[PDB]
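A.B. asks:
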Amino acid sequence: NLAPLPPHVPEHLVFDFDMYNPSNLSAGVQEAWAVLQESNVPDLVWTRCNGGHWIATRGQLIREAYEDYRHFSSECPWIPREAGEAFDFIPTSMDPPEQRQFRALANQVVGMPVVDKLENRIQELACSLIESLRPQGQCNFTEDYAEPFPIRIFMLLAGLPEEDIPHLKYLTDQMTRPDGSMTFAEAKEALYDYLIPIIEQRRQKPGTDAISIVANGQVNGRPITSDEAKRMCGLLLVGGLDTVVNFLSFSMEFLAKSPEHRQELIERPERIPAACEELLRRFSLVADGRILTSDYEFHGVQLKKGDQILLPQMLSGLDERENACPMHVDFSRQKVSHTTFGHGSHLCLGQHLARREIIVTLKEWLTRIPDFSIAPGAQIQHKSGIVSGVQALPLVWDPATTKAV
Ligand code: HEM
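For reference, each letter of the sequence shown is one residue, going 10 to 414 in the authors' numbering.
(1) I'd like the ranges of any alpha helix (DSSP H) spanning at least 4 consecutive residues and lying wholly in the region 309-369.
(2) Below 8 angstroms between beta carbons: does that hold for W87 and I318?
(3) Flag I378 as yes when its Cβ comes closer than 7 angstroms to any non-hydrogen atom of ligand 2, and as no otherwise.
(4) My output table needs one value for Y305: the three-state DSSP class, helix, strand or coil.
(5) Can you give me the Cβ contacts of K313 inside the same chain, cut-off strictly under 7 angstroms, excluding the 5 residues immediately before and after it?
(6) For my contact list, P403 and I378 are in at a C-beta cut-off of 8 angstroms; report their separation, rounded to the angstrom.
(7) Measure the beta-carbon distance from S325 to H347 and round it to whole angstroms, keeping in mind my assumption that it falls under 8 angstroms.
(8) Tell me, which residues are paired with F81 by DSSP?
(9) First and last residue of the beta strand (DSSP E) that includes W55?
(10) Could you give the C-beta distance for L34 and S393, rounded to a whole number, given that I count them as a contact under 8 angstroms?
(11) Which residue spans inside the region 141-204 form an unbroken alpha helix (DSSP H) run of at least 4?
(12) Flag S83 as yes when its Cβ comes closer than 7 angstroms to any non-hydrogen atom of ligand 1, and as no otherwise.
(13) Suppose the cutoff is 6 angstroms on Cβ atoms and the five residues either side in sequence are ignored; what does the same chain contact list for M164 look like?
(14) Please classify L274 as buried or exposed, where buried requires at least 16 other C-beta atoms within 10 Å of its C-beta.
(15) Please classify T56 as buried or exposed, where buried requires at least 16 neighbouring CB atoms within 10 angstroms.
(16) For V414, count neighbouring Cβ atoms within 10 angstroms of its own Cβ and tell me buried if that reaches 16, exposed if not.
(17) Let me check one thing: in DSSP terms, what residues is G398 bridge-paired to?
(18) Measure the alpha-carbon distance for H80 versus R299 and round it to whole angstroms.
(19) According to DSSP, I275 sits in a beta bridge with which residue or residues?
(20) Going by DSSP, which residues form a beta bridge with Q132?
(21) Quick check on DSSP: helix, strand or coil for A65?
(22) Can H270 be considered in contact with ligand 1, in the sense that its beta carbon sits closer than 7 angstroms to one or more heavy atoms?
(23) Let me make sure I understand the geometry here. Which of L134, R130, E287 has the alpha-carbon closest to that of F259?
(24) How many Å lie between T181 and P278 at the Cα?
(25) Measuring from the CB of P206, is there a heavy atom of ligand 1 at a distance below 7 angstroms?
(26) Rounding to the nearest angstrom, what Cα-Cα distance links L244 and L289 in this structure?
(27) From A238, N229, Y179, pick the residue whose C-alpha is nearest to that of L250; which is it?
(28) Considering only residues of the same chain and omitting the five flanking positions on each side of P408, which have a CB-CB separation below 8 angstroms?
(29) In the structure shown, what three-state DSSP assignment does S382 receive?
(30) Let me check one thing: in DSSP terms, what residues is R231 bridge-paired to?
(31) Is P89 helix, strand or coil by DSSP?
(32) Using the three-state DSSP reduction, which class does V23 fall into: helix, strand or coil?
(33) Going by the C-beta, is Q343 closer than 7 angstroms to any heavy atom of ligand 1?
(34) Leaving aside the five residues before and after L11 along the sequence, list all residues of the same chain whose C-beta is less than 6 angstroms from its C-beta, in chain order.
(35) Using only the heavy atoms of ligand 1, determine whether one of them is closer than 7 angstroms to the beta carbon of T101.
(36) When burial is assigned at 16 or more other CB atoms within 10 Å of the CB, is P106 buried or exposed?
Right under this line is the structure:
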């Protein structure tokens, strides 16, 4: 259950939050993590759950920590400690300066110039999927659209066969929202086990897919090793399969319950990109962290070298000190303050691909199925972890209120 309180951690700063099953989960995951911003909760607390660790609860602290890599290192970014010690993905497990050389390489495979190229492809797939669903007046969103749409796009970007999707996604989910059937370490090993032969192959005979791009690449002008290429390709895999997939579900669940919000985007589709930022803020879903490199006093609190600290990227934008009425989705919100794609030198490299996928989904779906809702009796369930998700999303709609385009 709870790890004993280390001697240096003040008893009054204890707030036993469990990031993998928070107490108020039933009210929605975002709402569940928002209990850390309750009236009598401090900016920095210590939880005894999951081996024991700090949690910064406010945007001000989360951004500061993310900026100061000298004290808050990416070397051990996952909780529990076992998992963060085993976590060696590139470039996430590395801090500046040696970190940058790899971001540049990774930005060649998912960056903006690559996203633009992907445009038509992305629309074709979203339009393909929706039109096929349109006449049926129902669908379970997670399996019929949230997963296939982004995953097939990445599998194509990666040059990897779709048949391997069931296996890879299972490994991916074990890493972010563990089943208990395997440790982060075991799931990482399998991921690596899958990539090793593929990377050797792409190096032997170079293709134009993200995998061979990475594996035949250079960093700081020098050849990348097979091992560095594996560590980086596995992280790319995590991003392509378990991020947008979940976010699309939180947004669509919201739209299914918000006729007025849908009418706004139906009426002025030009508000869709704005609406995407506000949904990215409101349905923020990532939370990883750092490890203290040395004894350090932070905001009046004594941190010790080795202490792990959770810096929920999700929390910043729900922080009322950044955005008034944080839980209200306001497509017109004047300043949408968030750290959904992270903060600091580790800013998400897939963010551009992620927005495209979102804006396109929103645009192509609202245009064909403007009116829909959540299947009657459905008790939508959320799931929490490094990356939070939606268990199932049964949608229903009257076919006669739809249009083909
Ligand atoms: C809604 C979608 C997404 C969200 C909210 C998101 C969020 C994040 C966050 C919060 C981080 C920072 C982690 C840290 O600082 O420890 C990150 C890093 C990263 N993400 Fe994204 N991500 C998304 C989609 C994607 C996609 C689609 C990809 C590519 C397949 C991707 C690739 C990466 C990579 C390569 C990094 C590491 C950057 C580094 O460590 O320098 N992400 N992402």
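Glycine is no exception: its CB is placed at the ideal position from the N, C-alpha and C atoms.
C.D. replies: Looking at the atomic coordinates:
(1) Every alpha helix (DSSP H) of 4 residues or more that sits fully in the region 309-369 is shown, in chain order, as 322-327.
(2) Against a cut-off of 8 angstroms, the Cβ pair of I318 and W87 comes out as no contact.
(3) Absence of ligand 2 is noted for the structure shown, with ligand 1 being the only ligands found.
(4) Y305: strand per DSSP, three-state reduction.
(5) Cβ-Cβ distances below 7 angstroms link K313 to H17, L301, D304 in the same chain, with the five nearest sequence neighbours on each side left out; the list follows chain order.
(6) Contact doesn't hold; Cβ gap of about 14 angstroms is too wide.
(7) Taking C-beta atoms under 8 angstroms as the contact rule, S325 and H347 qualify, at a distance of about 6 angstroms.
(8) In the DSSP assignment, the residues bridged to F81 are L301.
(9) Its beta strand (DSSP E) spans residues 53-56.
(10) Between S393 and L34 the Cβ distance is about 6 angstroms, and since that is below 8 angstroms, they are a contact.
(11) List check, alpha helix (DSSP H) in window: 157-167, 174-185.
(12) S83: yes, Cβ under 7 angstroms from ligand 1.
(13) If we look at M164 and ignore the five residues flanking it on each side, its Cβ neighbours are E171.
(14) Label assigned to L274: buried.
(15) Buried, because 16 or more other Cβ atoms sit within 10 Å of the Cβ of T56.
(16) Per the 10 Å Cβ criterion, exposed.
(17) Residue pairing by DSSP places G398 opposite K392 in a beta bridge.
(18) Put simply, the backbone Cα of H80 is about 9 angstroms away from that of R299.
(19) DSSP, once it has assigned bridges, lists no residue as partnering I275.
(20) In the DSSP assignment, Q132 is bridged to no other residue.
(21) Strand at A65.
(22) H270 Cβ: outside cutoff for every heavy atom of ligand 1.
(23) The shortest CA-to-CA distance from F259 to any of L134, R130, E287 is the one to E287.
(24) As the crow flies, the alpha-carbon of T181 is around 34 angstroms from that of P278.
(25) No, Cβ of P206 sits at least 7 angstroms from all heavy atoms of ligand 1.
(26) Going by the C-alpha atoms only, they are around 21 angstroms apart.
(27) The option with the nearest alpha carbon to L250 is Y179.
(28) Excluding positions up to five away in sequence, the list reads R143, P144, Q145, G146.
(29) Collapsing the DSSP output to three states places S382 in a strand.
(30) For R231, the pairing in a beta bridge is given by DSSP as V228.
(31) The three-state secondary structure of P89, taken from DSSP, is coil.
(32) Strand.
(33) For ligand 1, not one heavy atom lies less than 7 angstroms from the Cβ of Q343.
(34) Same-chain partners within the cutoff: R57.
(35) For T101, the shortest separation between its Cβ and any heavy atom of ligand 1 lies below 7 angstroms.
(36) Looking at its Cβ environment, which holds fewer than 16 other Cβ atoms inside 10 Å, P106 is exposed.
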